[PDB]
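As a starting point, one isolated chain is supplied in structure tokens, in the form deposited in one PDB entry.
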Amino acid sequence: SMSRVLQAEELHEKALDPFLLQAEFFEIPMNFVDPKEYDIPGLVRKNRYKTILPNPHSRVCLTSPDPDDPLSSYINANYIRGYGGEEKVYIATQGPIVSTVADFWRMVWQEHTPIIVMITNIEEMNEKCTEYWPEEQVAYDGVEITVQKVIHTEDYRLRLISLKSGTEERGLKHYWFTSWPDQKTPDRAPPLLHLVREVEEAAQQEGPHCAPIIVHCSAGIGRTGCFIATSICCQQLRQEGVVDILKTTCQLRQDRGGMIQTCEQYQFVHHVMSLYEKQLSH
């Protein structure tokens, strides 16, 4: 419901005003979910954090292998609207845990997802994400995942993957961003902007009515929210010549409580958009 439409000059100055950024940010309700919503034996095992749960109206429900079982059907994931409110542009989800690797691949297959964006640093693979792709090939619950190529670039690692289940084969692009900064200073913005632009281009290459793009980080709200907000605001800047990070953050929180978890993250999105505006203007 909140909105602050930024032209270029205000955007550049806003990104460098931490006192106003924190005043604005902490006015936005988190919209977290009451745990009573998911009173199911065994459900805690499927969540990394007891208080970060999928809002029920936008939750992704797994339809295989038992849609009548609420535990089997549960994954900590929500559909996320994109630019202009387009439905189901993204799915935001937690990094898989050991017990949810197969569920994650069930979601990828169910949703026809063509692109995964993973935002976890290499030193965080003991806490913030279980390595869920194979060196060559693995099958989780009837989804056969084959890594055909690993492309290492400075700003991300891209895996080209083939998914086979039955007689059907589909491609998948897995982008792993490992450059998330400890201090969210402007000099750390270029790699994230590059990732956003690369993924935007890959999404367009999927053609009309692209299926949902899965984005994840540890809890599926902080870095994930930054990535999605930046992606939406880049389209807004190109189409409208302005950025409304506040409105975008409010929209994201409606879809999944907690999106953009910290004020440092909120400021980082402003640094990224300020950088992009400078690039576009040249």
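Numbering starts at 1 and runs along the sequence shown. Rigid core: the largest C-alpha set superposing within 1.5 Å between the two forms.
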Taking only the other compared entries that model residues on either side of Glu136, decide whether it is unmodelled in at least a third of them.
no
Note whether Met125 lacks coordinates in a third or more of the other compared entries that model its flanking residues.
yes
Comparing 8-16 with 262-270, where is the mean C-alpha B-factor higher?
8-16
Averaging the C-alpha B factors as listed in the entry, name the stretch that ends up higher: 118-126 or 84-92.
118-126
Among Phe26, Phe32, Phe227, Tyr49, single out the one with the highest C-alpha B factor in the record, please.
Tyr49
Just to confirm, going by the entry's C-alpha B-factors, which of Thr100, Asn78, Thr178, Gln137 comes out highest?
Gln137
Place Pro212 in the lowest, middle or highest third of its chain's C-alpha B-factors, as listed in the PDB entry.
lowest
Here the Cα B-factor of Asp255, set against its chain, lands in the third termed lowest
Chain-relative C-alpha B factor for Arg223 (record values, thirds): the lowest
Would you check the entry's CA temperature factor for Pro54 and let me know if it's in the chain's lowest, middle or highest third?
lowest
Based on the deposited C-alpha B factors for this chain, I'd like to know if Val143 is in the lowest, middle or highest third.
highest
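A second form of this protein, the form deposited in another entry, is not displayed here; the remarks below concern that form.
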Core-aligned between this form and the one not shown, the sole member of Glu127, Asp182, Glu169, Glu136 showing a Cα shift of 2 Å or more is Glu127
Just say closer or farther for the C-alpha distance from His152 to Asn126 in that other deposited form, relative to the shown form; it changes by 3 Å or more.
closer
Please say whether the CA atoms of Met118 and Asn126 come closer or move farther apart in that other deposited form, knowing the change relative to this form is 3 Å or more.
closer
